[PDB]
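Listed below are the residues making up each chain.
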Amino acid sequence: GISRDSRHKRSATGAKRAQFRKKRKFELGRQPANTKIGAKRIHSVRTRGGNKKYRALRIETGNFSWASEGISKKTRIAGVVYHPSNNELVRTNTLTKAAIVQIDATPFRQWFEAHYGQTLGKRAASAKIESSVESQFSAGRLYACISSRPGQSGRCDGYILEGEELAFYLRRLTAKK
Amino acid sequence: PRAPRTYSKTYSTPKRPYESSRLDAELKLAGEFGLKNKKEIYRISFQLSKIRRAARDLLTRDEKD
Amino acid sequence: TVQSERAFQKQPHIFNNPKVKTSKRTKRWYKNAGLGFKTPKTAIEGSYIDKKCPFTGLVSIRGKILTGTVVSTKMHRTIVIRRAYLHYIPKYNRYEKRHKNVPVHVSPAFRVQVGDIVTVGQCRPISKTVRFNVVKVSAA
Amino acid sequence: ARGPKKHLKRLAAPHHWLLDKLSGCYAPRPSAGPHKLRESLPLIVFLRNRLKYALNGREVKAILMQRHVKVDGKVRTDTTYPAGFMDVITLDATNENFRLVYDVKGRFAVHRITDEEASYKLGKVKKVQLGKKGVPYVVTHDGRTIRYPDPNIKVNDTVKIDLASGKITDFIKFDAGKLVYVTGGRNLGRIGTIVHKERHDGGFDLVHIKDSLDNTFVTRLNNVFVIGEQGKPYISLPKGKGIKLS
Amino acid sequence: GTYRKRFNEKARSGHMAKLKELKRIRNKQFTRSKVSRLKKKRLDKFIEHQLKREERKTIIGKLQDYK
RNA sequence: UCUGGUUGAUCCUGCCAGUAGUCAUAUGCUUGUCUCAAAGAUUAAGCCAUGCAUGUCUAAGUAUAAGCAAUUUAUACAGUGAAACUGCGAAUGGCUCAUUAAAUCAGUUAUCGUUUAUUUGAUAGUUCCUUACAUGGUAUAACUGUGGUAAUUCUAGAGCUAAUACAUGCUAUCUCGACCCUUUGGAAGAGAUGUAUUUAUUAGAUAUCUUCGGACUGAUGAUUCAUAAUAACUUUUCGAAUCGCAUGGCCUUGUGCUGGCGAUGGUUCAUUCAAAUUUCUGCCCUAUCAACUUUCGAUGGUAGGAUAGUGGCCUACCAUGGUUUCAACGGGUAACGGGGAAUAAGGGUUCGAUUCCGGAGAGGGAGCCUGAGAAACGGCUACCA
RNA sequence: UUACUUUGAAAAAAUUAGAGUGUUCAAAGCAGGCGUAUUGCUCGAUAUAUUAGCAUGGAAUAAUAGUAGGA
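Header annotation of the entry names cryo-EM as the structure determination method and lists the resolution as 3.8 Å.

Shown next, in the form of structure tokens:
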């Protein structure tokens with residue numbers, strides 16, 4: 001089905017190129033893995049060389065890193081909120097790169113309690129965090145940008161949205177609601 | 001899928017093949033030297049033509065080139 | 001403005017620590033494209049984000065280098081130049097004029113106007129027709 | 001083709017093998033190895049067409065499976081192994097060592113070699129790099145990876161390698177005034193001292209060489225190969241010492 | 001040549017399909033049997049001559065009433 | 001490219017006569033020797049009876065053949081070896097030029113934009129961490145037997161038994177060093193310690209005394225490169241339950257400890273044989289073909305998907321762009337491209353399916369499995385003929 | 001500054017043009033032979049931008065850039 005040659009497109013001048021060969025194997029494409037949220041389910045695809053490549057069909061958990069603290073914790077992904085390519089992906093809960101998902105916040109706030117001796121909500125300069133991040137902690141979900149390619153590696157790894165990106169995507173969410 | 005052996009034509013018919021002076025020339029040569037063929041006389045004349053053409057070009061080139 | 005798109009434009013893997021307070025509120029990454037091309041201070045102290053700017057993006061300049069005369073500047077961040085050359089017809093023992101319109105990317109760190117002489121360097125395929133990148137602009 | 005070729009026609013072969021164009025259609029395609037395809041001498045070409053120690057490929061098999069041939073200290077048994085340039089090929093029953101090195105006419109050249117000279121081998125350090133666990137290595141012109149080199153070894157510098165331990169004995173820098181062998185291109189086999197490295201950026205650095213009759217030519221850095229200092233080649237050159245004449 | 005007359009179009013079934021599609025997409029710029037043709041032309045001329053005959057006769061009728 | 005003819009003779013314009021070759025294409029007659037050599041053509045890349053053209057074993061993966069040799073050291077096996085499992089190859093070679101006119105191709109570049117079986121060189125002690133390693137477990141083939149069918153390299157049910165099949169899995173070394181007494185150092189104590197996948201972060205910068213003996217990171221023209229470190233993550237990898245010849249060193253005389261040559265394998269990195277993209281410039285006839293491309297991706301931007309990877313390659317959301325009288329687009333080609341072949345004084349012109357190189361195809365659309373490598377056709381599937 | 005010119009590297013073999021050699025001649029084909037071989041001796045093995053790219057030398061031609069004001 002899918003192939004990705006450049007012999008079936010129009011020319012640069014706007015001409016129609018006649019066919020040159022049959023489709024080749026080294027210009028194949030494969031069917032997208034619309035990775036949704038559910039119990040973990042992952043295919044393995046054999047790729048050029050003998051190289052394995054894991055596709056994710058449904059994945060629940062993920063590894064999310066707090067960049068300002070430089071740490072990483074495994075959390076549970078709740079649901080996709082924003083995605084800059086397709087609000088149909090937002091609707092159907094597809095997990096891709098550059099998606100904006102809400103995650104659980106309990107391991108992050110547990111690490112924060114055990115590391116700074118202070119709860120969240122309701123070494124002080126180190127304990128001080130940002131206001132929107134504190135609001136999300138009080139809410140119970142954290143905004144995090146996915147930065148992995150779950151149709152390729154089968155992992156959903158992201159980073160918690162820090163100040164400037166959080167401001168931009170908060171404006172985006174509030175304007176698009 | 002071999003390499004081609006090279007062959008080459010060893011003689012060459014002259015420009016005007018029928019001419020009384022050249023016919024009597026080849027009669028003189030064939031009867032005097034015991035030949036049998038205009039093929040043989042054209043063989044020798046072709047060799048001499050090649051030689052004299054090479055010599056003429058080396059004349060026209062510069063001395064001590 | 002910088003954030004005029006649906007996604008957040010950024011320099012990838014370049015991170016500005018929020019707990020660390022410094023003077024320059026962003027952290028910008030810039031390189032020099034070699035070959036004696038002076039990187040512009042507008043690209044050093046700019047504010048744009050461009051994946052294909054040869055001084056700030058992930059694009060190398062390598063191999064061939066051309067110069068051209070700009071023809072059209074109507075599409076976003078790419079121009080079209082026109083190289084001219086003299087082809088030689090050995091039958092008629094004289095020449096003829098020809099031209100090839102090569103489309104080429106331009107960084108937002110440059111200001112081209114239709115008519116000047118630019119110098120472009122070959123990079124990896126940016127788009128369908130864009131394989132070069134404007135690296136040194138000169139007026140006329 | 002849908003994969004790698006395994007055959008080589010007779011006229012497709014590299015010219016300097018001196019393979020005569022009637023004894024068949026195929027020439028020993030040299031197997032993958034240390035040296036590149038267009039500048040390698042298979043052992044069948046060396047033993048049969050050059051030394052005349054064999055009359056057939058079956059006799060070359062008989063010799064190699066008898067385990068007489070050693071190429072750089074180690075036994076080879078593949079008859080199309082790519083023995084390249086600056087190689088040591090020892091035949092023990094014949095008591096000969098051969099340095100493979102080019103002649104002036106552009107072809108390879110048997111060089112009879114004694115034991116004390118066969119014990120080592122030059123190699124053009126071509127890629128110096130930092131490997132895993134933070135160790136440095138050099139990659140010479142025959143694939144030889146040598147971890148832990150001297151810190152002053154750079155690209156394009158000759159390294160004299162002790163064979164029986166695979167180690168770096170010493171090295172020869174790349175400066176003007178060294179003795180330079182030329183390996184590829186039109187002038188290959190012309191041993192001359194290097195005068196000036198004309199250096200461009202992104203292009204190819206040319207090299208101006210001047211040899212003993214004070215004749216001057218230009219090659220590329222890819223074809224230049226440093227041997228030794230002025231008048232002191234580390235190896236023994238073939239006859240004529242690499243001088244092109246009239 | 002793209003549009004020749006081959007030997008076996010019944011074997012060149014799919015070949016002719018892709019060629020016809022190519023011709024359509026190419027000459028979209030422009031769009032966006034001879035004996036039978038002679039019989040068609042002479043048929044049109046004959047039926048037109050008969051219409052000329054009938055209209056001639058009714059004009060004769062018109063003028064003979066109008067005199 | 002020339003010669004002959006008008007008229008008393010002469011010059012140009014004319015008319016006629018005369019002349020040519022062609023590995024050109026058919027064809028006719030003749031044809032003894034020696035050497036050498038080719039062996040397509042209906043614009044039919046139209047159709048095939050039969051036969052063959054791809055298989056493979058070393059001392060070194062698996063033999064209880066109810067195979068053979070007896071027989072002499074071999075009561076686990078040991079020689080040779082059908083069959084079958086396993087490994088590799090079948091992706092090269094051979095044929096043909098149907099398609100394709102900036103396409104293939106030629107010369108020139110790039111990969112700081114990727115995959116690579118093999119070959120070659122390097123490479124991995126992680127010691128401990130609470131409840132078999134003198135070496136775990138399942139099956140299945142071939143085989144024995146019971147059968148089906150008009151038929152094919154069809155195979156079903158039942159009983160065995162193996163692995164380099166398949167699936168599991170455990171087996172100290174550095175730094176500092178108080179002391180001591182001094183050499184030949186050895187020492188209480190303090191401290192550290194795999195790869196692989198994915199993400200986040202960090203580094204990867206470089207305009208005075210003497211006991212004369214001793215103390216006061218790299219590369220490129222250029223990188224987010226090589227490399228290192230931190231925190232976690234994984235339906236998660238690897239870190240040898242393999243094989244041949246020999247039998248030496250030890251001794252607490254245990255059938256205890258150690259040990260040579262070499263075969264297969266395996267993570268990463270480099271190399272080689274490659275592969276895919278890729279930059280400049282170059283194609284025959286056509287203007288009584290002047291506008292063409294964009295719904296159906298045409299030109300660019302951003303994000304994602306997909307791929308080995310770049311990329312409108314594809315999906316979104318966006319701007320309205322791109323080519324052309326320097327000939328775009330579309331048409332014709334009895335168009336595979338090139339090295340090359342013929343000819344003339346030079347210039348040119350005409351051939352090039354055809355011994356080498358490259359591309360494409362296997363009756364024609366389409367699709368895939370295995371594999372490092374195929375959109376394979378002496379592989380498989382569906383359609384048409 | 002470029003065009004244009006000079007030179008150099010690059011333009012696979014086979015083909016072509018050349019040099020050697022008594023295949024019995026020839027069309028072809030191929031690339032040493034002697035020695036006191038314990039240290040040497042002899043000859044030949046060259047050329048083929050036709051445009052693009054790369055490097056280089058220029059004194060013409062043809063385009064192409066750059067003195068002025070005030071006190």
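(A) Region of interest: a positive patch on the surface. A cluster of like positive charges, contributed by E:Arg37, E:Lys40, E:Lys41, E:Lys45, E:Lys52, E:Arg53, E:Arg56 and E:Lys57, occupies part of the molecular surface. In this structure E:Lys41 comes out as partly exposed when scored by relative accessible area, which is 43%.

(B) Focus on the protein's contact with RNA strand F. Around RNA strand F sit 166 residues, and of these A:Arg46, A:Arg55, A:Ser85, A:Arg155 and C:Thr129 come closest. The backbone of D:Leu37 places a nitrogen or oxygen atom 3.0 Å from a phosphate oxygen of RNA strand F. Here D:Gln129 contributes a side-chain N or O atom positioned 3.3 Å from a sugar or linking oxygen of RNA strand F. A class-by-class count of the residues in the surface near RNA strand F yields 45 nonpolar, 56 polar and 65 charged.

(C) Expanded view of the interface of chain C and chain A. Taken together, the contact pairs 13 residues of chain C with 23 residues of chain A. Summing both sides of the interface, chain C and chain A together bury roughly 1400 Å²; the carbon and sulfur share of this comes to 50%. Where chain C touches chain A, the interface holds three salt bridges. One salt bridge in this structure joins C:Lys21 and A:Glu130, with 4.0 Å as the shortest N-O distance. Applying the counting criterion to the chain C and chain A interface returns seven residue pairs in polar contact. By residue class, the composition of the side of chain C that touches chain A is four nonpolar, three polar and six charged.

(D) Region of the structure containing the interface of chain E and chain A. Tallying the contact residues gives four residues for chain E and four residues for chain A. Here chain E and chain A share an interface that buries about 390 Å² over both sides, 54% of which is from carbon and sulfur atoms. In terms of surface lost to chain A, no three residues of chain E exceed E:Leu22, E:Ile25 and E:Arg26, which account for 77% of the buried area on that side. Linking chain E to chain A there are zero salt bridges. For the side of chain E that touches chain A, the class distribution of residues is two nonpolar, no polar and two charged.

(E) Molecular detail of the protein's contact with RNA strand G. In the vicinity of RNA strand G there are 21 residues, among which B:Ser8, D:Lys21, D:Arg107, D:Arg186 and D:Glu198 approach most closely. Here the atoms of RNA strand G within 4 Å of the protein split so that 82% fall in sugar or phosphate, with bases taking the remainder. A distance of 2.6 Å is found between a phosphate oxygen of RNA strand G and a side-chain nitrogen or oxygen belonging to B:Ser8. Here D:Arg107 contributes a side-chain N or O atom positioned 3.0 Å from a base nitrogen of RNA strand G.

(F) Focus on the sheet that holds strand β5 (residues 87-91) of chain D. Residue and element names in this part refer to chain D. Strands sit in the order β3-β2-β5-β6-β7 across an open sheet of five strands; the sheet is antiparallel. The two strands at the open ends of the sheet, each matched to only one other strand, are β3 (74-75) and β7 (108-113). Pairing of strand β2 (residues 69-71) with β3 involves two bridges; the strand directions are antiparallel. From the neighbouring strand, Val 71 faces β3, where its bridge partner is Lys 74. Contacting β2, β5, β6 (96-102) and β7, helix α1 (residues 43-50) crosses the sheet at an angle of about 130 degrees to β2.

Thresholds applied
Residues numbered from 1 in each chain as written, not as in the entry; some residues may be left out. Chains lettered and ligands numbered in written order. Part of a larger assembly, values for the part shown. Heavy atoms only, no water. Patch = residues over 30% accessible without salt bridge, like charges linked within 9 Å, V, L, I, M, F, W, Y side chains within 5 Å. Areas by Shrake-Rupley, 256 points an atom, 1.4 Å probe, with all protein chains shown as cover. Salt bridge = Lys/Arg side-chain N within 4 Å of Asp/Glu carboxyl O. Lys, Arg positive; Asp, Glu negative; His and termini not counted. Charge placed at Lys NZ, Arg CZ, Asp CG, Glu CD. Buried < 20%, exposed > 50% of the residue type's maximum accessible area, 1.4 Å probe, protein only. Near = heavy atom within 4 Å. Polar contact = N/O pair within 3.5 Å; in protein donor to acceptor, adjacent residues only side chain to side chain. Nonpolar A, V, L, I, M, F, W, Y, C, P; charged D, E, K, R; others polar. Contact = heavy atoms within 4.5 Å. Buried area = accessible area lost by both parts, 1.4 Å probe. Pairing = 2+ DSSP bridges. Helix = DSSP H or I, 4+ residues; strand = E, 2+ residues; numbered from the N terminus. Axes fitted to C-alpha atoms, helices over the stretch in contact; angles between N-to-C directions.

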